[PDB]
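Okay, structure first, notes after.
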Amino acid sequence: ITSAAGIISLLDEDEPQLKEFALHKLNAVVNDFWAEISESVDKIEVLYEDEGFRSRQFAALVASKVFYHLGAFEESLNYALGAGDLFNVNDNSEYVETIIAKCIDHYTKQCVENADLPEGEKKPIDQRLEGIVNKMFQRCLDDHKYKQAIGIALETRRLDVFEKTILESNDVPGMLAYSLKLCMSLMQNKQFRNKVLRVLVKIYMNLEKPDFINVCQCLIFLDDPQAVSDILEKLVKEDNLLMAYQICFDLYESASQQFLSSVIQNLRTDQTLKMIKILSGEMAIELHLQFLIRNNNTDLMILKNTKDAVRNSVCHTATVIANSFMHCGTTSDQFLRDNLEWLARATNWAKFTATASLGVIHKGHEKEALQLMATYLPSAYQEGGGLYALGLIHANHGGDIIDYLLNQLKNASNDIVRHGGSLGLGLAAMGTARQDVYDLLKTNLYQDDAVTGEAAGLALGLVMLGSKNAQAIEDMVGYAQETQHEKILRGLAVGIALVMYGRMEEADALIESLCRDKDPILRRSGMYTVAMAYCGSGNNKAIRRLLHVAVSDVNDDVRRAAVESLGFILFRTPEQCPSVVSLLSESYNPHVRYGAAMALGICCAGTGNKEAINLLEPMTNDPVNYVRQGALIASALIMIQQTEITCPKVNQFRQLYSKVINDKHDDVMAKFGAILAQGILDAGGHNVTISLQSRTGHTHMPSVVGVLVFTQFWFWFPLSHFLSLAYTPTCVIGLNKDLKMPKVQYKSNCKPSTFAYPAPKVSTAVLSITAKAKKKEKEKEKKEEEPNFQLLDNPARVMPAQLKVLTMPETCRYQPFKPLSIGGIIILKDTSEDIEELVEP
Amino acid sequence: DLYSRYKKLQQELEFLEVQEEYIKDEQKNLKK
């Protein structure tokens, strides 16, 4: 029966063996009678408290079990850890499972604390805690799949057991890539990110064949230009080349300009010149330009039926940029040449906009562009806009062109010319961190010429983009709270926002200072700065800050910016974005609604979510006009390069755009948003897409920068062309050798059908006798009597959502070597001799 | 997989908490 617990009195004796027997019996019967031993408490504890007792460990185990039954695990862990061996190593009972779970929770919390302060100040860890933790690690390792020990380790830092897990049998190294995914998806500690990446690259290096793609995509985060430079050097000296060519191509497609400049500088300290040429991006830019030119197809019919619908309002400017979006990087000014009287029908800043559109059409033309800009436009507005457009062409790719703009700013009329020249110089020298350009733009800002300073702020932000120069931010803010001309404040807003791009918590004191500043433009700038500093990673602290500002602040502009920052904060996880903004879209004030629409447009890039589309469906009927314009622009941005089979609202939204643009009594801003949406939907001739994410899951800094300064068009129309930096070509290039583009034939896996390029009186009844007449006429009349795939060549455009439905050209003699499951540029593994089919148009 | 589920759940819980806090603030402002 065992219905009594008088054995506890055996602990009250003095002989040791009595206490040992009582402790053993209690441990045997803890699971049932914990009610009585709950009152013993101290009598057991003193047994462990005395050092001279023989079996203090058994007493500690009994007390731990009793406390666990009570529920106060914070002491059950202590008393279990105090006991040794038989305490938990049995790993058999549910009590053991609970104790190990709780103690390893304590261990991981303590590991986080130690990682916070690793400067010797880190608190010590009981060696028994480490022992049970790594015993659990080894048990779950030798037990089954090792994809749980890795997660526990990266939770508790513990890079040693991480390396042990990956370096053990590990089944296949594929899980390593899975770990990499975790390292880039479900962790926000940059300090831990560095160590995890270093471990990953070391593990890649010690393999028989290092995974060059993974190590390069880790080193781009690690910011080690000399490391990847010597990696390329040893790859070349290993007679590999092809993989080095690839690694360079993804390096340019993902890494920042300064990283590539440092890499080429280190390489400068036969094959090496080719390496430098493709690292500078000449070949990549030429290939992208060739793909855009050859695959250019813009439906001028929609532009025709729009240009006859404009009532000579200001919307012409929007059309001026809309076709530009449809002709970005396609060098196709066919509409501009064909329709020229209306091109000249607009002047003042519209001339600036037209020249900017002409330049942005000729995006990435490189050597030709210098004389090309003069050919069409050889008038302060004209020259300023030409300088701005030349800056547009060489976006992040200026080089010697920078020098031109440099001198082209010194000889300026201190007017619109200076504004355009500064904007172009800042755009082209994006992130170059050159001291001379910074000093010249600082002088331009100090000129205090309103519009000139307005452009100088953006230029100084672009040149200092993500630089975190203390001098830069100091001078910028010192001018920010010293000058009038609120336009210059608007420029300096984005200027200081861009200097802190993606820096995370590198300096949040500036965000606090900007949010606490009295000037409303300064608070708007603070929200923009938090958006730029926390791009990608959905840091909930920053999202909470901006939501609180958007809900509590009094200025409508800062609320708009705070809501718009949601896109910049959540583009990496587009699913969460409609959830939060499901109701931001229904505020009592319309500014928050516009911010909600813009955030919806920014966060999900081109995903056919059909949830953001659903939210924007009724909002485009809002009585307020500018919220309708923002909704139209956002719906266009989310719905680029999509069709009816992809989502059932593309044709409906196209005809809605037409029916609002052709309307006459609607607000000018509503039709402005309509034509902007028309330009965005078919932007780039159905050949480019906007995506802040890169191919390898990296954040594309030019894309986010450009979309931010495009959303900054409420205060300045000329900034709209900046959206050009957000487009990425949706192409895959069949380049095998250094200069060969063989006609390799590969198909797709389109299941149901094909998709992609979309589109190119009354009679009265008189029922008296009409029925009889018709029936007798009827008697008189009686008396009278799909593919599933497409063959493609080297410059083949592939939809971003269709990047996984391709087929390996195994039927062809030549098959690629790089994993062909994503867009960009790939390599082709060339088979045996008799190589032919050379294409070079 | 299991760790992925755990991290999904943590992130979703934090996001829901942020949304709830914003709702309480906006309810207060709407009452005002």
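Using Swiss-Prot numbers, chain A covers 2-270, 320-428, 435-816, 827-851, 872-927, in order.
Method reported for this entry: electron microscopy, 3.1 Å.
Every residue, even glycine, has its Cβ placed from backbone N, Cα and C.
Swiss-Prot has this to say about the protein:
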REPEAT    A:441-474  repeat 'PC 2'
REPEAT    A:476-510  repeat 'PC 3'
REPEAT    A:511-545  repeat 'PC 4'
REPEAT    A:547-580  repeat 'PC 5'
REPEAT    A:581-616  repeat 'PC 6'
REPEAT    A:617-649  repeat 'PC 7'
REPEAT    A:651-685  repeat 'PC 8'
REPEAT    A:686-726  repeat 'PC 9'
MOD_RES   A:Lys720  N6-acetyllysine
REPEAT    A:729-761  repeat 'PC 10'
MOD_RES   A:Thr830  phosphothreonine
MOD_RES   A:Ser834  phosphoserine
Give the nonlocal contacts of the repeat 'PC 10' (A:729-761) in its own chain as ranges (CB under 8 Å, at least six residues past its ends). 185, 214, 218, 221-222, 251, 254-255, 257, 341-342, 345-349, 352-353, 356, 365, 368-369, 371-380, 382, 451-452, 486-487, 518, 521-522, 554, 557-558, 588, 591-592, 624, 627-628, 661-662, 684-689, 691-693, 695-697, 709-710, 713-714, 716-717, 776, 778-779, 781-787, 812-814, 883, 886, 908-910
Euclidean distance between Cα atoms of A:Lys720 (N6-acetyllysine) and A:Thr830 (phosphothreonine), Å: 35
Students should find that the Cα atoms of A:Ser834 (phosphoserine) and A:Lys720 (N6-acetyllysine) sit apart, in Å rounded to an integer, by 46
For a three-state summary based on DSSP, what are the helix, strand and coil counts in the repeat 'PC 3' (A:476-510)? 26 helix, 0 strand, 9 coil
Would you mind pulling the DSSP three-state label for the residue listed as 'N6-acetyllysine'? coil
Number of other Cβ atoms within 10 Å of the Cβ of A:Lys720 (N6-acetyllysine) across all protein chains: 8
I want to verify one value. Collapsing DSSP to three states, which class is A:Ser834 (phosphoserine)? coil
